[PDB]
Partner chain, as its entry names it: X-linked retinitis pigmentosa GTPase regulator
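Just the one chain here, laid out as structure tokens, in the form deposited without the partner chain.
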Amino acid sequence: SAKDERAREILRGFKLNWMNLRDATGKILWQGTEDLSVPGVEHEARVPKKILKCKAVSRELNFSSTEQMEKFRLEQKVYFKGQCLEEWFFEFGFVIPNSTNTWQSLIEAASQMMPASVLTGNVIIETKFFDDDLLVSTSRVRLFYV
């Protein structure tokens, strides 16, 4: 498949270099330099339990891409014991080939949050990276609230 080949070339040229998450306040709650978008392994992350109390979280994601993309975007779902509680869609748009870019996003809370003690180790955030219609990769991060 031609679309399969193109998806693989974009994955091959892509890297998430670093990311922060902030109370939308301004305070950095989490930051890391591990590429959490790599597919096929379950990533793990520890975040402060107080993040669950934010009405919104601001994310800064810095990424490199050898390939040009027409409409880079993400679909992300929070799963609790296998069940999707919440979904978000974000669009970055055009990506210049061989560029490194910082993408800021406002992630808004939906519903009432279970306690951190119940959620911890039982939440997966699944992130699907698209160029327009073309699915480039699916990755998963298991969350611990600490």
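Positions refer to the first chain, counted from 1.
The next section is about a form of this same protein that is not shown, the form deposited with the partner chain bound.
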Practice task
Find out whether any non-hydrogen atom of residue 142 is located within 4.5 angstroms of the partner chain in the deposited bound form, and reply yes or no.
Solution key: yes
Problem - Contact flag, residue 66 vs the partner chain in the deposited bound form, heavy atom cut 4.5 Å - result: no
Problem - Distance check, residue 32 to the partner chain in the deposited bound form, heavy atom within 4.5 Å - result: yes
Exercise for the section: Would you check, heavy atoms only and a 4.5 Å threshold, whether residue 39 touches the partner chain in the deposited bound form? Expected result: no
Practice task
At a 4.5 angstroms cut-off on non-hydrogen atoms, which residues of 6-29 are near the partner chain in the deposited bound form? List them in order.
Solution key: 27, 28, 29
